[PDB]
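Single chain ahead, written as structure tokens, the form deposited in one PDB entry.
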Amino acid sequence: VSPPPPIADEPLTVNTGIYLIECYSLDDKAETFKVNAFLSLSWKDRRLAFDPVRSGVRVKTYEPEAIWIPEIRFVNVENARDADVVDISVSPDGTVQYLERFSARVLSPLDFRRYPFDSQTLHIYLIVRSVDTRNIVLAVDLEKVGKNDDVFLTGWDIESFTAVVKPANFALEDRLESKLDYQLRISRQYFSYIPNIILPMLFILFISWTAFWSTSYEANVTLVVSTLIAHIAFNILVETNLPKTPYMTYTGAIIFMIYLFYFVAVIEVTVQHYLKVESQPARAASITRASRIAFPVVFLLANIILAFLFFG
């Protein structure tokens, strides 16, 4: 409970490291994630410390009592992290080693503009309660920086884990102490999205395109409208895992293009039937033969252009 000793007149640089233990519940649509980890705090001090004179009499005279505990808080947590003290340790320089285990919810924005093939970057910020009898500074230990015990996140490939200090810039003077930025880069495992979402949609569209080899108006109308119904049903099927998104997405563009193709093919069928009724068979045949080679080429080209737009 004693104040930090200002004998050097130099800011108390504090070195800290967060050690991940288990990361689950990446609720995409909600933009949060559960985190269980080990928070390692270890500060340096000179006065009210002890030089090596105890030696074997007292190899490490540990203090159970809470002394000079640097009050650090997350800035992106609705509710303060869980507290569970594990162990304490002192160095022959008087520097205390503290360990704790906690469970938190962190609010980090997610960007789904390339939903199936996207890479996120989860953020955690650290702030320190700055004292008046001395100046405090947060630093990150390069070792102890953070590791995951070879944990795995379901459907994500963890890529790095990096700490970096940065000014608060919170427009408050006593709130200008530099904050810690814990960056966790992840990449989605996209393989199963192909056979689970992409291929059946193309299958339904290809099934509807068969009407360009048929002359029967009734059969063509049934094909195209029933395939539109199947498309809408399949969209209802796959929206359950798609997060709620008020901006343009790769997959949303693809869906819009598919609706537009359905409209254009109903138009083609109607024009062919009208021309046949008004007795222009050569013209009907030419339009349908043209459509045969024209629909898939234009679908391919539009997809290439969409992909070069969304993926650089």
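Sequential numbering from 1, following the sequence displayed. Here the rigid core means the biggest group of C-alpha atoms that line up within 1.5 Å when the two forms are laid on top of each other.
Beyond the structure shown, there is the form deposited in another entry, which is absent from this document and is the topic of what follows.
When the two forms are overlaid on the rigid core, CA displacement between this form and the one not shown of 2 Å or more is confined, within 168, 199, 233, 207, to 168. Put the two forms on the same core and the Cα of residue 248 is off by less than 2 Å between this form and the one not shown. Once the rigid core is overlaid between this form and the one not shown, residue 111 does not reach a Cα shift of 2 Å, moving by less than that.
Shown in the overlay between this form and the one not shown, fitted on the rigid core, is a CA shift at residue 258 smaller than 2 Å. Put simply, residue 182 and residue 66 spread apart in that other deposited form: their C-alpha atoms are 3 Å or more farther than in the form shown. Three angstroms is the minimum change: in that other deposited form, the CA atoms of residue 50 and residue 71 sit closer than in this structure, by 3 Å or more.
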